[PDB]
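Note that the protein sequences, when read in sequence, are chains B and A.
Residue numbering for the first sequence follows the authors' numbering, starting at 32 and increasing by one per position.
Residues 4 to 84, 92 to 310, 326 to 456 (the authors' numbering) make up the second sequence, in order.
Built from N, CA and C at the ideal position, the CB exists for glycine as well.
Here is the structure we will look at, set down as structure tokens.
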Amino acid sequence: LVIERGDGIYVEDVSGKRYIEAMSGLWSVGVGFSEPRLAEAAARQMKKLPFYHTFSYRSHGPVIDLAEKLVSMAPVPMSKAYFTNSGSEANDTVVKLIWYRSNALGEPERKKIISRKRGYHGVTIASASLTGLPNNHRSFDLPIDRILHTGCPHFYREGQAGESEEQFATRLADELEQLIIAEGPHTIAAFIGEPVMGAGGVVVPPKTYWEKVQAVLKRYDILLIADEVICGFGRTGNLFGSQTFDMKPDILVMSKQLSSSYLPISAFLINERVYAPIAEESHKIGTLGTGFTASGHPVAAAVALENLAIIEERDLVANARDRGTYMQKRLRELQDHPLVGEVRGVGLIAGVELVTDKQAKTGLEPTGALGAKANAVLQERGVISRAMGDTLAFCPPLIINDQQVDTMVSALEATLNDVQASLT
Amino acid sequence: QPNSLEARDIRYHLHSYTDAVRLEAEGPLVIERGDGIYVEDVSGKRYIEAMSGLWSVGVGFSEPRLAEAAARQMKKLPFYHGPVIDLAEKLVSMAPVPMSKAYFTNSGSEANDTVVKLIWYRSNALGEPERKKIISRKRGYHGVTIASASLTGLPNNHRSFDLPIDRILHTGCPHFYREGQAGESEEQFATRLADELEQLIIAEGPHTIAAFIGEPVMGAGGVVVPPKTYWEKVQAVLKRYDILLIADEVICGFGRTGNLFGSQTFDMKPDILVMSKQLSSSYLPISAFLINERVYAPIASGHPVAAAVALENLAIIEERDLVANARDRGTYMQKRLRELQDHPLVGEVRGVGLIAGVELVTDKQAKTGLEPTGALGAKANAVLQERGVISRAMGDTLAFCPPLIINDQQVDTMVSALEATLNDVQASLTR
Ligand SMILES: Cc1ncc(COP(=O)(O)O)c(CN)c1O
């Protein structure tokens, strides 16, 4: 599919056919595809100071404004923001700084990071190791040493016979605790998780998961890294997924909706517990020996600022919350469709996992075929979704209205009816 | 003034490559705007940006054509996962040796990281699970991801970070002034480096070595120009053991060394070429790497706004003859800088094309500076900045890497400021 242009929630192919971009591109184009104020911010900044770096005691106005704004918006108290170009680089730098921090605290053995199966955190050698999907690892010799993976919190696929949702949450927290014990708790630096796993299939954790996991972490004083690359800036019904799931991270990683992907920029926030010992170590060494050339890029930072100003002025968090409520309700009305195994989601993100045998939870051979089949029909009906195996994902822009949500979910129902007719 | 830019920076902003405790005490220097080769701080003082920012702002700091390219794309299709296709085609067509495919990333770091990951994937696809080691060099700079900071050969990039990771090796720095033994000539030193590389390869098991990575000229490690014959002798080694050559042209690319690529200046024939920086003049973040058919055969999403800017940047370079401009001003800069070789504070002047390093010492026979090494560099860089020129100190070396748009009169101004700076520093040391 060759996409050429976009407008609001829509994109157009070269032939002129219009689609709802129900993924907001790559989970990221929050303000839609034609926000003129972002081009205005970019052009203005690029003619004033198109580039300056933030190395060696240098700065500029856009990065200063954006650092202040991100710290001020944090869902828990934070101390500093640090800027990169991507989500992958941010998670990579986070891992490195955790290792530095542990060295800075006299803990040379506290270097292990716990991630999760089906988690997605990037593509660098380190951040692809954090990622818990098989194809990111296969043939790349990953994961690197120090990166561990605990279970995926996906009740529909991991729950045991007869187990309840809250028991499943208890079992995942207990399995985490067993992992920490078996490794040696003093060796565990951090735990990383997305509030809701996006790329892994829009996996919403079971109720009480994050409370119980945080209890475990807190017992051993392990750092929590909230990966808000997808969930950040209104996706889940609040400004951050950490608010929606009552998470209290030490480190919060952002990208994507930060600039609505109009330019490459990413950031993470660290609290005082993280910052203070890194600062002291940088002073003994003489510098903090990391950073990307374009870290804090002034044009990207100007666009991000204007993007956040628009999300606040137009009440887009609330807009996403309310259209999300409607979308979640509409999608769950398809539960009794013969092809619908599970509907899951919160706020303005959802997944619909397709099956041909509800009791066995199985689809066509191989798993993925059913999702590919339905996704082709859905596209043909004017809706671009992402297939993750047999799950179709929905993550539309924050500017969507109810009428557009109705259009998108009706196309999904007509799609599933079509696919059902092809198989009978 | 709690609401000044400087105060707000100290409160909220964790900087790269900065001592955080010192930043809290002094605050940043805040840059406001740019004009050609100049930038201006928030207090209104102007400086020649003799480093082009971070070796990167090739077209200077006020090129409104790039602003229009960005806005045009941003108003058509601001993102999707056309300019990316056009840019890939252009980079392949400009390559200094035949190339097959272009891949995009945001940063030089991610490019190098991806290159390492692709090499591993490739050796696995070829059924060579042990051919995974990468040889880099001391003082090399290749970026800051966990993998690419491991390729980097500088201690500030490793200390307290637990790097380098396994599989990354480092051979010697090809810096004759610092590494040449008593009575060794420049060419003999080249011979010895190629021999030490070969010894490394033999000792590790040649079947285990996948690739060698080098910058044609090492930038961030101090503008180290390799000895004559080095690249020829190295390349003969690597070819003997079928090792891939990765040319990291992040700095050297797009006219910096007197030719379009540093690979042409040094007669390198890489299999993989990494680019960033002058690719877009840093007006937006974008990087790329190219691979040849040898690389691509067993293994057979750029950002569109960034790509549209990189395309327009390349067109400007081409239309305004900036590679030739840089070559000719480079010839003049290198001659002017070498006029300071006899200065009592100058240990060495080195450089090619439009990049150079002036290494400072206080005892020219011992090749020693002030205590500790770094103090003399820092001192002179501060005085040069008072004189309106922004250089970058790498220990006791001051770097010069000005915009491709610079003219001879500006070169003259820059080098005269350095001369007066060295005279002032020498005077202060005698008091
Ligand atoms: C030769 C070289 N390679 C790689 C990099 C890394 O680029 P970035 O800062 O964009 O990650 C740099 C940046 N100074 C460089 O000079």
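Going by beta-carbon coordinates alone, are residue i and residue j separated by less than 9 Å?
i: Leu101(A); j: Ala298(A); result: yes
i: residue 505(B); j: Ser87(B); result: As shown, chain B starts at 32 and ends at 455. That puts residue 505(B) outside it, with no answer to give.
i: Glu214(A); j: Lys143(A); result: yes
i: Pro108(A); j: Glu303(A); result: yes
i: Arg188(B); j: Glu194(B); result: no
i: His185(B); j: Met228(B); result: yes
i: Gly376(B); j: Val235(B); result: yes
i: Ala351(B); j: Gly268(B); result: yes
i: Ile40(B); j: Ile430(B); result: yes
i: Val60(A); j: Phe323(B); result: no
i: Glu52(A); j: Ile341(A); result: no
i: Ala220(B); j: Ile156(B); result: no
i: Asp12(A); j: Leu26(A); result: yes
i: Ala333(A); j: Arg75(A); result: yes
i: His16(A); j: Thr218(B); result: no
i: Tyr113(A); j: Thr321(B); result: no
i: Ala105(A); j: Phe271(A); result: yes
i: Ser110(A); j: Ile301(A); result: yes
For ligand 1, any of its heavy atoms closer than 8 Å to the Cβ of residue i?
i: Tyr20(A); result: no
i: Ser117(A); result: yes
i: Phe299(B); result: no
i: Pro295(A); result: yes
i: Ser158(A); result: yes
i: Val260(A); result: yes
i: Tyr151(A); result: yes
i: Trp241(A); result: no
i: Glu52(A); result: no
i: residue 313(A); result: For residue 313(A), no position is available: the coordinates of chain A end at 310 and pick up again at 326.
i: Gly376(A); result: no
i: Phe323(B); result: yes
i: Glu120(A); result: yes
i: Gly229(A); result: yes
i: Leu57(A); result: yes
i: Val154(A); result: yes
i: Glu225(A); result: yes
Can you list, in chain order, the residues of its chain with a C-beta nearer than 8 Å to that of residue i? Leave out the 5 residues immediately preceding and following it.
i: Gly402(A); result: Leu385, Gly394, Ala418, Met419, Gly420, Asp421, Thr422, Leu423
Excluding sequence positions up to five away, which residues of its chain have a Cβ less than 7 Å from the Cβ of residue i?
i: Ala331(A); result: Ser290, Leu294, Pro295, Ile296
i: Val125(A); result: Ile256, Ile282, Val284, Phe299
i: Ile178(A); result: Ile144, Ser146, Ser160, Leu161
i: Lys392(B); result: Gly372, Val386
i: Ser55(B); result: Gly61, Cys426, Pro427, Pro428
i: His152(A); result: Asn122, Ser146, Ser158, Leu161, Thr162, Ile223, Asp258
i: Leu32(A); result: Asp44
Note down, in chain order, each residue of its chain lying with its Cβ closer than 6 Å to the Cβ of residue i, except the 5 sequence neighbours on either side.
i: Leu379(B); result: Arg266, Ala351, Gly355
i: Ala121(B); result: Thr115, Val284, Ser297, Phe299
i: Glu373(B); result: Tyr187, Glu384
i: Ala335(A); result: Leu97, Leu289, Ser290, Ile296
i: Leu447(B); result: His368, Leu370
i: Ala230(A); result: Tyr151
i: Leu254(B); result: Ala221, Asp281
i: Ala72(B); result: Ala333, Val334, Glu337
Exercise. Anything in the region 331-358 of chain B with a Cβ closer than 8 Å to a Cβ of chain A? List those residues in chain order, please.
Key: Taking 8 Å as the Cβ-Cβ cut-off, the region 331-358 of chain B approaches chain A at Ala331, given in chain order.
Quiz item: Quick check: the region 340-358 of chain B against the region 134-143 of chain B, are there 3 or more CB pairs under 8 Å?
Solution: Taking one beta carbon from each stretch, the region 340-358 of chain B and the region 134-143 of chain B have fewer than 3 pairs nearer than 8 Å; the two do not touch.
Quiz prompt | Residues of the region 297-326 of chain B with Cβ closer than 8 Å to any Cβ of chain A, in chain order | solution = Across the region 297-326 of chain B, CB contacts with chain A closer than 8 Å involve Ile301, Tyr306, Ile309, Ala310, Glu311, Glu312, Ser313, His314, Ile316, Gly317, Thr318, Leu319, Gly320, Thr321, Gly322, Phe323, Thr324, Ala325, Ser326, in sequence order along the chain.
Quiz prompt | Cβ-based contacts, 9 Å cut-off: residues of the region 175-204 of chain B near chain A | solution = Listed by position along the chain: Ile175, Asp176, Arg177.
Practice problem: Give the residues from the region 148-163 of chain B that approach chain A closer than 7 Å (Cβ to any Cβ), ordered along the chain. | Solution: Taking 7 Å as the Cβ-Cβ cut-off against chain A, the residues of the region 148-163 of chain B that qualify are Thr155, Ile156, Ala157.
Quiz item: Does the region 270-278 of chain A come close enough to the region 240-252 of chain A that 3 or more CB-CB pairs lie under 8 Å?
Solution: Note that the region 240-252 of chain A touches the region 270-278 of chain A; at least 3 beta-carbon pairs, one per stretch, sit closer than 8 Å.
Quiz prompt | Contact set between the region 7-23 of chain A and chain B, restricted to residues whose Cβ is under 9 Å from the partner | solution = Under the 9 Å Cβ criterion, the region 7-23 of chain A contributes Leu8, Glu9, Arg11, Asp12, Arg14, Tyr15, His16, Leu17, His18, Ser19, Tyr20, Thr21, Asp22, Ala23.
Quiz item: Along the region 70-104 of chain B, what residues have a CB closer than 7 Å to any CB found in chain A?
Solution: Look at the region 70-104 of chain B: the residues with a C-beta under 7 Å from a C-beta of chain A are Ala70, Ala73, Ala74, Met77, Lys78, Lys79, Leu80, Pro81, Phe82, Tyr83, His84, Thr85, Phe86, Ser87, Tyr88, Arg89, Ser90, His91, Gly92, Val94, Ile95, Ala98, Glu99, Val102.
Exercise. Return the residues of the region 206-237 of chain A that lie within a Cβ-Cβ distance of less than 7 Å from chain B, sorted by chain order.
Key: Within the region 206-237 of chain A, no residue places its CB atom closer than 7 Å to a CB of chain B.
Quiz prompt | Residues within the region 266-286 of chain B neighbouring chain A, beta-carbon criterion of under 8 Å | solution = Here the close residues number zero.
Practice problem: Note down, in chain order, all residues in the region 387-418 of chain B with a beta-carbon under 9 Å from any beta-carbon belonging to chain A. | Solution: Correct list: empty, as no residue qualifies.
Practice problem: Compile a chain-ordered list of the residues in the region 34-62 of chain B whose CB is closer than 8 Å to at least one CB of chain A. | Solution: Correct list: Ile34, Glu35, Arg36, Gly37, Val42, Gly56, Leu57, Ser59, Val60.
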